[PDB]
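What follows is one structure encoded as structure tokens, with my remarks underneath.
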Amino acid sequence: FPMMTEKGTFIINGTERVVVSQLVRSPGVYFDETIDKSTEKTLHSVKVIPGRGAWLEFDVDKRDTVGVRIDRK
Amino acid sequence: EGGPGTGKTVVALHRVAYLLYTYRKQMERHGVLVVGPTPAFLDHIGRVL
């Protein structure tokens with residue numbers, strides 16, 4: 001198992017390398033608000049975004065009804 | 001609902017104005033639908049709204 005040196009680097013094939021920390025969106029439930037261009041009405045939606053798995057979205061559309069999208073279907 | 005001569009129409013329009021100010025966030029983009037028996041009555045509403 002490659003091991004980190006005291007300097008925070010990995011010696012891979014004698015070459016000194018570094019692994020950079022990656023900025024990513026955290027999994028969770030995210031609520032959003034947008035404007036319906038067709039009516040200028042205010043619409044709300046929410047996405048449940050996991051680390052692995054299908055997506056689950058809910059939204060209130062311009063005709064005032066609540067709907068769900070499962071697995072982007 | 002009230003007998004004639006009680007000014008129910010103006011009271012209702014005042015109620016509508018109060019509702020549309022209080023909840024303007026939830027209604028201003030949707031508007032109001034005013035239904036009347038005759039075009040002349042709707043002109044009256046347009047005058048007193």
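Labels used: A, B, ... for chains in the order of the structure tokens, numbers from 1 for residues in each chain, and numbers from 1 for ligands as shown.
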Quick one: which chain B residues come within 10 Å of chain A, and what is the nearest atom pair for each with the distance in Å to one decimal, counting only C-alpha atoms, rows ordered by chain and ascending number, as CSV?
```
residue,atom,partner,partner_atom,distance
B:25,CA,A:42,CA,9.4
B:26,CA,A:42,CA,8.8
B:27,CA,A:41,CA,9.5
B:28,CA,A:41,CA,9.1
B:29,CA,A:41,CA,5.6
B:30,CA,A:41,CA,7.2
```
Please dump the current selection as a short mmCIF file (atom, residue, chain, number, x, y, z; two decimals), in the first residue's frame; keep N, CA and C atoms.
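Resulting contents of part-v1.cif:
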```cif
data_model
loop_
_atom_site.label_atom_id
_atom_site.label_comp_id
_atom_site.auth_asym_id
_atom_site.auth_seq_id
_atom_site.Cartn_x
_atom_site.Cartn_y
_atom_site.Cartn_z
N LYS B 25 -47.13 37.95 -2.14
CA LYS B 25 -46.11 37.02 -2.62
C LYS B 25 -46.74 35.81 -3.30
N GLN B 26 -47.85 35.30 -2.76
CA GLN B 26 -48.45 34.07 -3.25
C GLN B 26 -49.46 34.27 -4.38
N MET B 27 -49.83 35.51 -4.71
CA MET B 27 -50.90 35.73 -5.68
C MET B 27 -50.55 36.71 -6.79
N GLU B 28 -49.61 37.62 -6.55
CA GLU B 28 -49.42 38.73 -7.49
C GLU B 28 -49.12 38.25 -8.90
N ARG B 29 -48.36 37.16 -9.05
CA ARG B 29 -48.08 36.62 -10.37
C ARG B 29 -49.26 35.88 -10.98
N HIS B 30 -50.23 35.45 -10.17
CA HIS B 30 -51.36 34.69 -10.68
C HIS B 30 -52.56 35.55 -11.06
#
```
Practice item. Quick one: everything within 12 Å of segment 56-60 of chain A, counting only C-alpha atoms, minus sequence neighbours fewer than 5 positions away in the same chain. Send it as a PyMOL selection string. Key: chain A and resi 28-36+41-50+65-73
Practice item. Can you pull out every residue within 12 Å of residue 7 of chain A, counting only C-alpha atoms, but drop anything in the same chain fewer than 5 positions away, and send it as a list in words? Key: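 Returned residues: residues 16, 17 and 18 of chain A.
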Exercise for review: Find the distance between atom CA of residue 38 of chain A and atom CA of residue 21 of chain B and write it in Å to one decimal.
Suggested key: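 Between atom CA of residue 38 of chain A and atom CA of residue 21 of chain B the gap works out to 24.4 Å.
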Practice item. Quote the spacing between atom CA of residue 34 of chain B and atom CA of residue 6 of chain B in Å to one decimal place. Key: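 Between atom CA of residue 34 of chain B and atom CA of residue 6 of chain B the gap is 20.1 Å.
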Exercise for review: Write out as a ChimeraX atom specification all residues of chain B that backbone DSSP assigns to alpha helix (DSSP H).
Suggested key: /B:8-22,24-27,39-48
Review point. Residue 16 of chain B: which residues within 12 Å, counting only C-alpha atoms, same-chain residues fewer than 4 positions away excluded, as a ChimeraX atom specification?
Key: /B:9-12,20-24,27,31-34,49
Exercise for review: To one decimal in Å, tell me the separation between atom CA of residue 1 of chain A and atom CA of residue 22 of chain A.
Suggested key: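 Pair atom CA of residue 1 of chain A / atom CA of residue 22 of chain A returns 21.6 Å.
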Exercise for review: Would you mind writing down, as a ChimeraX atom specification, each residue of chain A that DSSP on the backbone assigns to strand (DSSP E or B)?
Suggested key: /A:4,10-12,15-17,28-36,41-49,56-60,66-70
